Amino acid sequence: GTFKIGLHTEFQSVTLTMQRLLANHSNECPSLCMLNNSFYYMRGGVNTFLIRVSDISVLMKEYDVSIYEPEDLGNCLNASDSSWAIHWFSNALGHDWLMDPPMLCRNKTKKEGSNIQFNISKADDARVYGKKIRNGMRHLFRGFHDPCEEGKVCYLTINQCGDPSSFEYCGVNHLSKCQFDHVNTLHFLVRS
């Protein structure tokens, strides 16, 4: 990709890679990548998190844990390291621990695995909040897809890889085809 303008003047280019730095990821320094138009991944060192955007909610506020404060996230994940990782991610999405609706998660004591749920439905008291959380996603994942249908339900689900709730989606066939993008990490740094 180099051509000549003048007899000596020449068009030249250079391509940079941040992968040697994105590989040294950690909870405070997450590497963010997009797989499907429905699967996203955050690698924070030893803790990997699958993020999904669907219309399928498995949690209810009448049965599951409501997270009003970051500390409540300790009830959602097997380790507190992951708890603060998800705290910083929630901040990065634009969630307001003081004003926005509380998110839902599954008590870590249960058998089904970790699952944090955001109601991003385009309807009723979930509409406004919803858009924000999608904007955050658009900032944190280049090329984010908006599968949420107007007037219908939509949810963002976070599952820590390793728990039963990750199913087989955290396998090697997935994370090996999820190129890290440093622009996402820069947006995470700025928004948190």
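Just count from 1 along the sequence shown to find any residue number.
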**Prompt:** Mean C-alpha B factor from the entry: is it higher for 167 to 175 or for 10 to 18?
**Reply:** 167 to 175
**Request:** Decide which of the stretches 23 to 31 and 58 to 66 has the higher mean C-alpha B-factor, going by the entry.
**Result:** 23 to 31
**Asked** Which listed residue, 156, 50, 140, 123, has the largest C-alpha temperature factor in the record?
**Response** 123
**Message:** Splitting the chain's C-alpha B-factors into thirds, which one does residue 88 fall into?
**Reply:** middle
**Request:** Grab the CA temperature factor for residue 75 from the record and place it in the lowest, middle or highest third of its chain.
**Result:** middle
**Request:** Tell me, lowest, middle or highest third: where does the Cα B factor of residue 2 rank within its chain?
**Result:** highest
